[PDB]
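S.K.: Below is a structure I'd like to ask you about.
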Amino acid sequence: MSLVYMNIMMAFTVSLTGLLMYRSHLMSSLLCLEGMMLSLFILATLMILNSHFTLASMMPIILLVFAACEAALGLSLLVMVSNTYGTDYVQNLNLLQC
Amino acid sequence: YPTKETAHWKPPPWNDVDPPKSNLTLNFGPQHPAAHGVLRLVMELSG
Amino acid sequence: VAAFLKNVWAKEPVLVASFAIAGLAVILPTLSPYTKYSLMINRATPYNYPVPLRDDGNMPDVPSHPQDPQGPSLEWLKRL
Amino acid sequence: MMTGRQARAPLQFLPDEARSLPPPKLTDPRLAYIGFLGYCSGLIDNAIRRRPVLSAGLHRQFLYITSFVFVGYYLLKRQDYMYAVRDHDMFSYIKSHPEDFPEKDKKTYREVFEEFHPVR
Amino acid sequence: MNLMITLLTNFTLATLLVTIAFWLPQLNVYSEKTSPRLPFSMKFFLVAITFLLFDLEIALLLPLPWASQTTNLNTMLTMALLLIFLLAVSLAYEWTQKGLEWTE
Amino acid sequence: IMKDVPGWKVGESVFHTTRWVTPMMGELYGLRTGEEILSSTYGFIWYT
Amino acid sequence: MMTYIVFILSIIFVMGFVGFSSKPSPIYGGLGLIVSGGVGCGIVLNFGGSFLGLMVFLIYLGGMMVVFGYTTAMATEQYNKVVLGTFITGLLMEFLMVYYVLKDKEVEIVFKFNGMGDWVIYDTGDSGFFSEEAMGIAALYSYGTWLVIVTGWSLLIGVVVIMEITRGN
Amino acid sequence: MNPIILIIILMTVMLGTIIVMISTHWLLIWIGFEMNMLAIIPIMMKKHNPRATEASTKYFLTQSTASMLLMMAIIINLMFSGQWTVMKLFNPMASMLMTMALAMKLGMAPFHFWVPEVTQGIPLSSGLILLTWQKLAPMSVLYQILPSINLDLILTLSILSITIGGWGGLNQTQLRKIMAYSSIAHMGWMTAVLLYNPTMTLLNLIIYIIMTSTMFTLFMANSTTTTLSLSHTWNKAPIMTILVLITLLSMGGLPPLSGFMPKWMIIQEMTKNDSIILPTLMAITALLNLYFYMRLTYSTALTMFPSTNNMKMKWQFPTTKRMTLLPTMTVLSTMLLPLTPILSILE
Amino acid sequence: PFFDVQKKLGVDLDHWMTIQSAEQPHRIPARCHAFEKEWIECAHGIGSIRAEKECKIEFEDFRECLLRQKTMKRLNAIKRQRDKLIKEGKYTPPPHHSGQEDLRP
Amino acid sequence: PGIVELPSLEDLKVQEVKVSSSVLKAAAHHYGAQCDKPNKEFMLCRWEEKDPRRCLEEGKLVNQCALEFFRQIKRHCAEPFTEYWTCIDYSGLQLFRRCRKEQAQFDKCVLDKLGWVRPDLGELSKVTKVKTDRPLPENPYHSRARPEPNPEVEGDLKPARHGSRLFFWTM
Ligand SMILES: CCCCCCCCCCCCCCCCCC(=O)OC[C@H](COP(=O)([O-])OC[C@H](O)COP(=O)([O-])OC[C@H](COC(=O)CCCCCCCCCCCCCCCCC)OC(=O)CCCCCCCCCCCCCCCCC)OC(=O)CCCCCCCCCCCCCCCCC
Ligand SMILES: CCCCCCCCCCCCCCCCCC(=O)OC[C@H](COP(=O)(O)OCCN)OC(=O)CCCCCCCCCCCCCCCCC
Ligand SMILES: CCCCCCCCCCCCCCCCCC(=O)OC[C@H](COP(=O)(O)OCCN)OC(=O)CCCCCCCCCCCCCCCCC
């Protein structure tokens, strides 16, 4: 298949392995999650414009709206975690081991 | 079953509520010191 | 309802203008006589090509030429 | 398995061909067992709220019994419908495919040689 | 193409102005000068999230000047007034549950 | 061009059908120069 | 070179993703995701998604990444080995993939990929006096009725949900 | 929480589940999962303590990652099929990614690592919603995509879920973690029979939801979150010890109870397809589930643990809790095995 | 639990965005409209099992319309052989493939 | 698969209409009024055959009738037409509304010296009927034979033989 699809899928997997390997910050995790969304947006858009599939032109907008509302939910979770522990570190979220 | 790894684990609180574990202080001055210029204000702001 | 309306027009006239403009925007296109013509003009705007029909023998309403009498007309749009 | 059968007409609890089938009698032992489950639900409902178990809320025990019988009657109708559908599809598929279901040449035990294994 | 040329020219002129404004006042050798978490507010984060959600509702509203050209105008007008009404209902719930307070 | 290549059917369809398929951009401007390629394939997008 | 413009922008896109996904700090990670969103917008614009690319700039970079930088500014403090090492790791993996799919015009990581410029796969016709992408997006109001209902309901519920979970009570 | 807002948010949870269950388009499936997560986040943060914020954050990260992998599977499907019908997937990579995404949404092992943490961090009613209602929509999608599900993948996830949910509950004294590892083992049982007969999958899901709803309703009505707090139930309400006894004996898969029905039908439909080793190892592995269930019955109903003095004051007060459908769910979780051929209504 | 509420009630909630061959705004055709229509009208009603082994040619033509893998592979073969013959000097490009012929219309 | 069949370059030779787009747009209403029949034969053949290789003779008849149209303009009204398409040609959007007096002069000279009437607002978008002699394409998609469907269900629905047959349940 086309050459740009390789780079957009590899961008998804790069932001995936970034999201699947935390360093310290939950904000960087959410940045990797929305980079995954960005790569999904571009990949869906290139398919739908390439195919001239007219009605699915509204599909990436619905993807963008739902996942940005999801991002707002995640930022509010990070804000409540930061008001609990002072930072946004994922090593502070370890109370549920016991 | 206690092990060496799960040795420091205490059971959770009974109501599943943990302890929580401030307000800003501003040293303020008049913006353009033409009129007053000689005022010092130590604020305690709560946002 | 006349005391409440004058009271909310004295205290919060921005919200009264808001709900009045919104209520007119809701109930007004169902009461307007020109709302028909919006549909008529949008369905009369020729984006695609008028792909012609094979003349089988019995289509008395379909014209043979664009300047023929039979067919859909837009004299209502020229005149209004 | 049978999901393409009930896909032409979706979300029908009892289709129109279910009425060709005889309904369960109201003295069905399955339906009587469901009524016994209603009585048991009434007894547990009197027990968990510390009411007298057999006496209190006879209207409530009776609505438990009635509601379980009422649901279970239609459940038994759908059960008998789906097994009738299963047998109907089985028999029509056997009829449409005779090459896959050959009528077996049955031999009698005078020709059948079975190896005898003595217990000694 | 001409857009890319124009973007490169604007970026180049901006970078040239920034590079001049940092390196031109370094010509005059000056006397080397030798003498000598932030508090969180919930309302600052809430106005940004309220912006984000109403901006997504605006992203739904942006194809309206193309949507009026349709032949299904009654459905289109219904869904247009319905999106603006849901934006107004989000604003009303943000109002009445003390969400727009002290940054009103 | 494809004379030295063994087992090459010239004009072989990549589709099993005999229906007319609308040609791709690379099927038309494949052997032409890069300027004509750009002017046909990005020209409207890059126009002003 | 110029026929490979979408490919070169996609290489810049993957380099930006290796940039922020190696996670130096949420500030610089936000910057890398901004530059990545801009170049991926350029990728979308070079297929004829002008409205969808302006949706990237206006909505993604315009609202959402602004809220990410805003919330980062309220949660990080202003003033490594693993970040730079993972950066050059992803850069070498990407350039080895570029080198293979350029010297061979073919590669297979998970799927088979062409190595020519992606100009080849376009259409050779016109759309008349409209954009097909604009008319398909405009049909959200006449064809996407249920889609509008569930999207608006999810956004209203999202406002309600954010006011619940940030209330603390 | 405002009761109006509570009712609207639970209707939105149910709405997202229904949108997954009825829709024929992949975008609407993804929309339903998004709406479901977005609405269930306040239910987990109902009490506003740091364990609920941690549980909601972990749940958000897992379900968000699964939703993005779901959309990547959908996008690879749009590549390799040009369409959007919710049916079989036209690429094994899309099938693998969608099976991973649904395994993350169900919390099947080895994506199970959120379920006991998130279930411990949240109240018993929200844990009930998470372990019963949130299993419905991904099992519906797995019910629809099964012509393209890889067999080795789904059976690996299944047996790994059964084994890890067996060994996980043996170390636990918190009731919510016991129910979560029970969830992991039973989701393994559900997905093991999926490609063989998905009607038995729906039977296992329905019997599981009945029994788990019974156990969470008993734990709510007694206000017990630990083993040792459940141990005081004999001196407070002795009928509750009987009900948790018969329901834990049911969930262990003992005849003549209705928790034996699903695993017996699963073994019954896996031996038809010439698989003998796998249902035998699954059945032997479920004895671990039965072991920690019998541990709880020993601590609650079969012995009398020591109580304290202040229980005498609680003797003077009845339960004013709405123990909704608790007798009905207790009868259906135990006495339904004579009605085992009722499963044909799910065909 | 595909509760087909749409076919039960007769409502069209999402069947319109489902395929490319559906009704489109201003009758815009998809670039693989005919291939998808042929594959759907082949595979209609016979189920997935018969559709994967009896409509294989229509689905292969449709997948090769969508992805254009065989087309790009064929153009790669022609272009590589052309560049080899240019480097070997055994081939000249025509004037109508160099911009020297005052195009058709 | 098979070899695609293309026409020779001799079959693609025709006298083109080598005018500009403003020359065509200026003449477009009288072109749609006068060159109706070969144009609609061609577009009917083009939407029915779904193949531009079966439509080359109708394309040549279109390309010939257009030349007859512009020759018939050139013999009578070359100067008002030239002024009119120059005025159309100045505008970047090629507005008709900027050019109404040159349109009036061109329509006056065309109605006098050629008897042509400009179409009204609504006429050139009418769906017209075309009398052809070529046959209707019986399989324009070149579809092969459809697979035979699965058999329908038929018969009356009898009760299950001995009930459920689930291990011992006698109903
Ligand atoms: C003119 C219009 C009106 C005409 C009216 C004409 C009739 C007049 C009489 C009306 C009343 C009829 C009542 C039902 C008919 C009798 C059904 C029967 O016996 O089936 C034999 C059935 C099969 O034996 P069969 O010799 O082949 O058939 C003889 C008949 O032809 C059986 O006929 P069948 O071939 O049609 O049987 C169908 C099928 C035949 O069955 C099968 O195909 C085999 C599968 C049976 C279930 C196996 C489940 C295994 C796992 C569970 C183990 C449960 C352990 C026992 C209970 C533990 C404690 C709860 O049954 C089922 O599928 C139903 C499932 C079993 C429920 C049986 C009915 C119970 C109603 C009352 C419930 C009261 C509580 C009893 C205890 C609850 C459990 C039974 O045997 C059993 O199921 C064994 C248990 C005994 C059944 C209950 C006996 C009924 C009367 C109970 C009164 C005493 C209650 C004591 C207090 C409460 C308990 C503490
Ligand atoms: C039906 C058509 C569609 C309607 C929906 C679309 C609406 C579009 C406009 C969007 C408005 C978004 C925000 C709405 C918030 C409403 C709640 C509100 O503001 O209540 C508070 C207000 C008192 O203000 P307070 O809280 O004190 O503000 C601080 C300064 N004092 O309380 C008040 O001032 C009272 C507010 C309620 C009464 C307003 C009455 C206006 C009547 C106008 C004429 C009738 C118009 C038709 C609609 C029906 C109105 C009853
Ligand atoms: C193919 C399948 C298709 C679909 C089939 C149907 C699937 C049904 C799945 C059921 C999932 C139920 C999840 C729990 C209910 C959701 C709402 C809820 O949370 O209700 C509990 C309610 C909340 O009250 P609150 O005050 O917040 O709780 C704290 C205690 N004071 O109140 C309380 O906490 C009070 C305590 C009692 C609560 C009991 C609730 C029982 C509800 C479930 C009944 C059993 C399921 C239905 C029958 C089987 C269906 C398969």
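As shown in the structure tokens, the chain order sets the letters A, B, ...; within each chain, residues go from 1, and ligands are also counted from 1 in the order they appear.
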So that I can check the surroundings of residue 61 of chain D, please list as a PyMOL selection string every protein, DNA and RNA residue that reaches within 12 Å of it, counting only C-alpha atoms and ignoring chain neighbours fewer than 4 positions away.

M.R.: (chain D and resi 35-47+52-57+65-68) or (chain H and resi 327-328)

S.K.: Within 12 Å of ligand 1, which residues show up when you count only C-alpha atoms and all ligand atoms? List them as a PDB file with N, CA and C atoms, in the first residue's frame, please.

M.R.:
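To be explicit, this is the file written out as selection37.pdb:
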```
ATOM      1  N   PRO D  24     -47.292 -24.255  26.574  1.00  0.00           N
ATOM      2  CA  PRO D  24     -47.203 -25.039  27.803  1.00  0.00           C
ATOM      3  C   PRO D  24     -48.502 -24.951  28.573  1.00  0.00           C
ATOM      4  N   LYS D  25     -48.901 -26.074  29.150  1.00  0.00           N
ATOM      5  CA  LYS D  25     -50.037 -26.074  30.046  1.00  0.00           C
ATOM      6  C   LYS D  25     -49.702 -25.278  31.300  1.00  0.00           C
ATOM      7  N   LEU D  26     -50.738 -24.765  31.955  1.00  0.00           N
ATOM      8  CA  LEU D  26     -50.511 -24.032  33.190  1.00  0.00           C
ATOM      9  C   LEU D  26     -50.210 -24.947  34.368  1.00  0.00           C
ATOM     10  N   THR D  27     -50.316 -26.264  34.182  1.00  0.00           N
ATOM     11  CA  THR D  27     -49.841 -27.263  35.128  1.00  0.00           C
ATOM     12  C   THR D  27     -48.528 -27.895  34.678  1.00  0.00           C
ATOM     13  N   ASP D  28     -47.723 -27.147  33.935  1.00  0.00           N
ATOM     14  CA  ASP D  28     -46.394 -27.599  33.541  1.00  0.00           C
ATOM     15  C   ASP D  28     -45.520 -27.696  34.786  1.00  0.00           C
ATOM     16  N   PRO D  29     -44.834 -28.820  35.009  1.00  0.00           N
ATOM     17  CA  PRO D  29     -43.883 -28.897  36.129  1.00  0.00           C
ATOM     18  C   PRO D  29     -42.759 -27.883  36.086  1.00  0.00           C
ATOM     19  N   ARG D  30     -42.343 -27.443  34.899  1.00  0.00           N
ATOM     20  CA  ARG D  30     -41.372 -26.360  34.812  1.00  0.00           C
ATOM     21  C   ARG D  30     -41.967 -25.061  35.335  1.00  0.00           C
ATOM     22  N   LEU D  31     -43.194 -24.753  34.919  1.00  0.00           N
ATOM     23  CA  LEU D  31     -43.848 -23.529  35.361  1.00  0.00           C
ATOM     24  C   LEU D  31     -44.220 -23.600  36.838  1.00  0.00           C
ATOM     25  N   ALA D  32     -44.556 -24.793  37.334  1.00  0.00           N
ATOM     26  CA  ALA D  32     -44.795 -24.962  38.761  1.00  0.00           C
ATOM     27  C   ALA D  32     -43.511 -24.814  39.562  1.00  0.00           C
ATOM     28  N   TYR D  33     -42.375 -25.229  38.995  1.00  0.00           N
ATOM     29  CA  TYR D  33     -41.097 -25.006  39.661  1.00  0.00           C
ATOM     30  C   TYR D  33     -40.742 -23.525  39.698  1.00  0.00           C
ATOM     31  N   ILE D  34     -41.071 -22.784  38.637  1.00  0.00           N
ATOM     32  CA  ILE D  34     -40.857 -21.336  38.642  1.00  0.00           C
ATOM     33  C   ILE D  34     -41.777 -20.654  39.658  1.00  0.00           C
ATOM     34  N   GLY D  35     -42.995 -21.170  39.832  1.00  0.00           N
ATOM     35  CA  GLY D  35     -43.855 -20.655  40.886  1.00  0.00           C
ATOM     36  C   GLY D  35     -43.330 -20.961  42.276  1.00  0.00           C
ATOM     37  N   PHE D  36     -42.707 -22.129  42.439  1.00  0.00           N
ATOM     38  CA  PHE D  36     -42.021 -22.446  43.686  1.00  0.00           C
ATOM     39  C   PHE D  36     -40.855 -21.501  43.933  1.00  0.00           C
ATOM     40  N   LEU D  37     -40.170 -21.086  42.867  1.00  0.00           N
ATOM     41  CA  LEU D  37     -39.119 -20.083  43.005  1.00  0.00           C
ATOM     42  C   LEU D  37     -39.681 -18.732  43.416  1.00  0.00           C
ATOM     43  N   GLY D  38     -40.882 -18.403  42.944  1.00  0.00           N
ATOM     44  CA  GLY D  38     -41.543 -17.192  43.412  1.00  0.00           C
ATOM     45  C   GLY D  38     -41.893 -17.253  44.883  1.00  0.00           C
ATOM     46  N   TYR D  39     -42.358 -18.413  45.340  1.00  0.00           N
ATOM     47  CA  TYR D  39     -42.641 -18.590  46.761  1.00  0.00           C
ATOM     48  C   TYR D  39     -41.364 -18.514  47.598  1.00  0.00           C
ATOM     49  N   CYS D  40     -40.258 -19.061  47.086  1.00  0.00           N
ATOM     50  CA  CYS D  40     -38.983 -18.976  47.796  1.00  0.00           C
ATOM     51  C   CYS D  40     -38.459 -17.548  47.848  1.00  0.00           C
ATOM     52  N   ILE D  65     -45.015 -14.976  43.441  1.00  0.00           N
ATOM     53  CA  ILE D  65     -45.417 -16.208  42.758  1.00  0.00           C
ATOM     54  C   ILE D  65     -45.999 -15.899  41.384  1.00  0.00           C
ATOM     55  N   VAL D  69     -44.385 -16.848  37.652  1.00  0.00           N
ATOM     56  CA  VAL D  69     -45.171 -17.671  36.730  1.00  0.00           C
ATOM     57  C   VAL D  69     -45.428 -16.926  35.423  1.00  0.00           C
ATOM     58  N   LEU D  76     -40.905 -20.311  28.780  1.00  0.00           N
ATOM     59  CA  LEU D  76     -41.099 -21.679  28.311  1.00  0.00           C
ATOM     60  C   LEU D  76     -41.620 -21.713  26.886  1.00  0.00           C
ATOM     61  N   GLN D  79     -38.531 -21.134  24.851  1.00  0.00           N
ATOM     62  CA  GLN D  79     -37.710 -22.341  24.900  1.00  0.00           C
ATOM     63  C   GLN D  79     -38.212 -23.408  23.934  1.00  0.00           C
ATOM     64  N   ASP D  80     -39.514 -23.694  23.985  1.00  0.00           N
ATOM     65  CA  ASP D  80     -40.086 -24.697  23.097  1.00  0.00           C
ATOM     66  C   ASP D  80     -40.045 -24.244  21.646  1.00  0.00           C
TER      67      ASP D  80
ATOM     68  N   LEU H 254     -20.669 -25.637  42.055  1.00  0.00           N
ATOM     69  CA  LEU H 254     -21.073 -26.910  42.628  1.00  0.00           C
ATOM     70  C   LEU H 254     -22.497 -27.231  42.215  1.00  0.00           C
ATOM     71  N   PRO H 255     -22.779 -28.437  41.723  1.00  0.00           N
ATOM     72  CA  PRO H 255     -24.169 -28.857  41.612  1.00  0.00           C
ATOM     73  C   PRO H 255     -24.759 -29.078  42.991  1.00  0.00           C
ATOM     74  N   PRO H 256     -26.082 -28.922  43.153  1.00  0.00           N
ATOM     75  CA  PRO H 256     -27.136 -28.712  42.157  1.00  0.00           C
ATOM     76  C   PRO H 256     -27.449 -27.246  41.878  1.00  0.00           C
ATOM     77  N   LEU H 257     -26.460 -26.375  42.003  1.00  0.00           N
ATOM     78  CA  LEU H 257     -26.686 -24.942  41.936  1.00  0.00           C
ATOM     79  C   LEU H 257     -26.527 -24.440  40.509  1.00  0.00           C
ATOM     80  N   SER H 258     -26.970 -23.207  40.278  1.00  0.00           N
ATOM     81  CA  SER H 258     -26.974 -22.690  38.919  1.00  0.00           C
ATOM     82  C   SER H 258     -25.632 -22.130  38.492  1.00  0.00           C
ATOM     83  N   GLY H 259     -24.682 -21.993  39.404  1.00  0.00           N
ATOM     84  CA  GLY H 259     -23.353 -21.658  38.955  1.00  0.00           C
ATOM     85  C   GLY H 259     -22.594 -22.810  38.361  1.00  0.00           C
ATOM     86  N   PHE H 260     -23.131 -24.020  38.488  1.00  0.00           N
ATOM     87  CA  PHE H 260     -22.574 -25.160  37.784  1.00  0.00           C
ATOM     88  C   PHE H 260     -23.013 -25.188  36.331  1.00  0.00           C
ATOM     89  N   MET H 261     -24.225 -24.698  36.050  1.00  0.00           N
ATOM     90  CA  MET H 261     -24.783 -24.593  34.699  1.00  0.00           C
ATOM     91  C   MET H 261     -23.851 -24.005  33.639  1.00  0.00           C
ATOM     92  N   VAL H 331     -32.512 -16.379  44.650  1.00  0.00           N
ATOM     93  CA  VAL H 331     -33.180 -17.560  44.116  1.00  0.00           C
ATOM     94  C   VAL H 331     -32.648 -17.901  42.729  1.00  0.00           C
ATOM     95  N   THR H 334     -29.133 -19.656  42.621  1.00  0.00           N
ATOM     96  CA  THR H 334     -28.954 -20.957  43.253  1.00  0.00           C
ATOM     97  C   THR H 334     -29.862 -22.044  42.706  1.00  0.00           C
ATOM     98  N   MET H 335     -31.131 -21.751  42.459  1.00  0.00           N
ATOM     99  CA  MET H 335     -32.120 -22.787  42.196  1.00  0.00           C
ATOM    100  C   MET H 335     -32.547 -22.840  40.738  1.00  0.00           C
ATOM    101  N   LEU H 336     -31.627 -22.582  39.819  1.00  0.00           N
ATOM    102  CA  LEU H 336     -31.986 -22.486  38.418  1.00  0.00           C
ATOM    103  C   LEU H 336     -31.496 -23.672  37.596  1.00  0.00           C
ATOM    104  N   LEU H 337     -30.699 -24.565  38.183  1.00  0.00           N
ATOM    105  CA  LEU H 337     -30.212 -25.733  37.449  1.00  0.00           C
ATOM    106  C   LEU H 337     -31.290 -26.714  36.964  1.00  0.00           C
ATOM    107  N   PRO H 338     -32.446 -26.925  37.625  1.00  0.00           N
ATOM    108  CA  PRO H 338     -33.519 -27.682  36.947  1.00  0.00           C
ATOM    109  C   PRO H 338     -34.065 -27.022  35.701  1.00  0.00           C
ATOM    110  N   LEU H 339     -33.898 -25.715  35.555  1.00  0.00           N
ATOM    111  CA  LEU H 339     -34.293 -24.988  34.358  1.00  0.00           C
ATOM    112  C   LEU H 339     -33.105 -24.752  33.446  1.00  0.00           C
ATOM    113  N   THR H 340     -32.195 -25.699  33.329  1.00  0.00           N
ATOM    114  CA  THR H 340     -31.026 -25.540  32.467  1.00  0.00           C
ATOM    115  C   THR H 340     -31.357 -25.467  30.971  1.00  0.00           C
ATOM    116  N   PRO H 341     -32.341 -26.237  30.396  1.00  0.00           N
ATOM    117  CA  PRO H 341     -32.669 -25.991  28.983  1.00  0.00           C
ATOM    118  C   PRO H 341     -33.415 -24.692  28.684  1.00  0.00           C
ATOM    119  N   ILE H 342     -33.527 -23.774  29.651  1.00  0.00           N
ATOM    120  CA  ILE H 342     -33.990 -22.421  29.366  1.00  0.00           C
ATOM    121  C   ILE H 342     -32.978 -21.633  28.544  1.00  0.00           C
TER     122      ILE H 342
ATOM    123  N   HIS J 162     -39.356 -35.213  21.372  1.00  0.00           N
ATOM    124  CA  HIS J 162     -39.006 -35.509  22.761  1.00  0.00           C
ATOM    125  C   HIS J 162     -38.371 -34.313  23.459  1.00  0.00           C
ATOM    126  N   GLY J 163     -38.770 -33.108  23.075  1.00  0.00           N
ATOM    127  CA  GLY J 163     -38.366 -31.920  23.793  1.00  0.00           C
ATOM    128  C   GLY J 163     -36.952 -31.457  23.528  1.00  0.00           C
ATOM    129  N   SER J 164     -36.281 -31.012  24.589  1.00  0.00           N
ATOM    130  CA  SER J 164     -35.022 -30.295  24.445  1.00  0.00           C
ATOM    131  C   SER J 164     -33.865 -31.215  24.091  1.00  0.00           C
ATOM    132  N   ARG J 165     -33.948 -32.490  24.491  1.00  0.00           N
ATOM    133  CA  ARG J 165     -32.877 -33.486  24.344  1.00  0.00           C
ATOM    134  C   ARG J 165     -31.571 -33.010  24.970  1.00  0.00           C
ATOM    135  N   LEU J 166     -31.670 -32.382  26.134  1.00  0.00           N
ATOM    136  CA  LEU J 166     -30.497 -31.941  26.879  1.00  0.00           C
ATOM    137  C   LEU J 166     -30.322 -32.915  28.038  1.00  0.00           C
ATOM    138  N   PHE J 167     -29.598 -33.994  27.765  1.00  0.00           N
ATOM    139  CA  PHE J 167     -29.044 -34.988  28.683  1.00  0.00           C
ATOM    140  C   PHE J 167     -30.016 -35.831  29.494  1.00  0.00           C
ATOM    141  N   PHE J 168     -31.058 -35.232  30.065  1.00  0.00           N
ATOM    142  CA  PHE J 168     -32.090 -35.998  30.754  1.00  0.00           C
ATOM    143  C   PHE J 168     -33.393 -35.229  30.854  1.00  0.00           C
ATOM    144  N   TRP J 169     -33.407 -33.985  30.390  1.00  0.00           N
ATOM    145  CA  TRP J 169     -34.597 -33.158  30.530  1.00  0.00           C
ATOM    146  C   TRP J 169     -35.626 -33.635  29.522  1.00  0.00           C
ATOM    147  N   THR J 170     -36.669 -34.284  30.022  1.00  0.00           N
ATOM    148  CA  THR J 170     -37.665 -34.927  29.182  1.00  0.00           C
ATOM    149  C   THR J 170     -38.676 -33.952  28.597  1.00  0.00           C
ATOM    150  N   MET J 171     -38.543 -32.658  28.865  1.00  0.00           N
ATOM    151  CA  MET J 171     -39.270 -31.647  28.115  1.00  0.00           C
ATOM    152  C   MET J 171     -38.274 -30.680  27.491  1.00  0.00           C
TER     153      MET J 171
END
```

S.K.: For each of C:66, C:72, C:13, C:50, take the minimum atom-to-atom distance to ligand 2, counting only C-alpha atoms and all ligand atoms, then give the residue where this is smallest.

M.R.: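 Checking each of C:66, C:72, C:13, C:50 against ligand 2, counting only C-alpha atoms and all ligand atoms, the winner is C:13.
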
S.K.: Select all residues from chain I having any atom no more than 8 Å from an atom of chain H (counting only C-alpha atoms, ignoring ligands), output as a list in words.

M.R.: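 Written out as asked, the residues are residues 1, 2, 3, 4, 5, 6, 13, 14, 15, 17, 18, 19, 20, 63, 66 and 67 of chain I.
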
S.K.: Which neighbours of segment 32-49 of chain J fall inside 7 Å, counting only C-alpha atoms, when residues of the same chain fewer than 6 positions from it are skipped, and could you give them as a ChimeraX atom specification?

M.R.: /C:51-52,65 /J:55,58-59,61-62,65-66,118-119,124,130,132,137,140

S.K.: Counting only C-alpha atoms, which residues of chain G come no farther than 8 Å from chain E, as an mmCIF file with C-alpha atoms, in the first residue's frame?

M.R.:
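What follows is the written file result36.cif:
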```cif
data_model
loop_
_atom_site.group_PDB
_atom_site.id
_atom_site.type_symbol
_atom_site.label_atom_id
_atom_site.label_comp_id
_atom_site.auth_asym_id
_atom_site.auth_seq_id
_atom_site.Cartn_x
_atom_site.Cartn_y
_atom_site.Cartn_z
ATOM 1 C CA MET G 55 -10.021 21.706 12.083
ATOM 2 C CA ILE G 59 -9.621 22.577 17.378
ATOM 3 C CA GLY G 63 -8.242 24.453 21.872
ATOM 4 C CA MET G 64 -7.002 21.147 23.132
ATOM 5 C CA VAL G 67 -5.588 23.430 27.400
ATOM 6 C CA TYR G 70 -2.401 25.567 30.305
ATOM 7 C CA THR G 71 -2.848 22.595 32.641
ATOM 8 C CA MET G 74 -0.452 24.650 36.605
ATOM 9 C CA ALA G 75 1.122 21.260 37.374
ATOM 10 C CA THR G 76 4.794 21.375 36.394
ATOM 11 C CA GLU G 77 7.657 23.451 37.786
ATOM 12 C CA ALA G 134 -17.018 20.011 2.478
ATOM 13 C CA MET G 135 -20.302 18.474 1.321
ATOM 14 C CA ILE G 137 -19.003 17.343 6.384
ATOM 15 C CA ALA G 138 -22.088 19.480 5.654
ATOM 16 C CA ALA G 139 -24.188 16.327 5.618
ATOM 17 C CA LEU G 140 -23.710 16.010 9.410
ATOM 18 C CA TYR G 141 -26.920 18.029 9.764
ATOM 19 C CA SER G 142 -29.078 16.237 7.183
ATOM 20 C CA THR G 145 -28.955 13.216 12.844
ATOM 21 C CA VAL G 148 -25.347 14.776 16.171
ATOM 22 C CA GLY G 152 -24.160 16.593 21.651
ATOM 23 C CA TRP G 153 -25.365 14.321 24.433
ATOM 24 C CA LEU G 155 -20.589 16.782 25.225
ATOM 25 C CA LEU G 156 -23.379 17.913 27.573
ATOM 26 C CA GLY G 158 -19.010 15.748 29.574
ATOM 27 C CA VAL G 159 -19.681 19.243 30.939
ATOM 28 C CA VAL G 160 -21.755 17.666 33.739
ATOM 29 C CA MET G 163 -18.281 19.761 37.028
ATOM 30 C CA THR G 166 -13.622 18.694 39.907
#
```
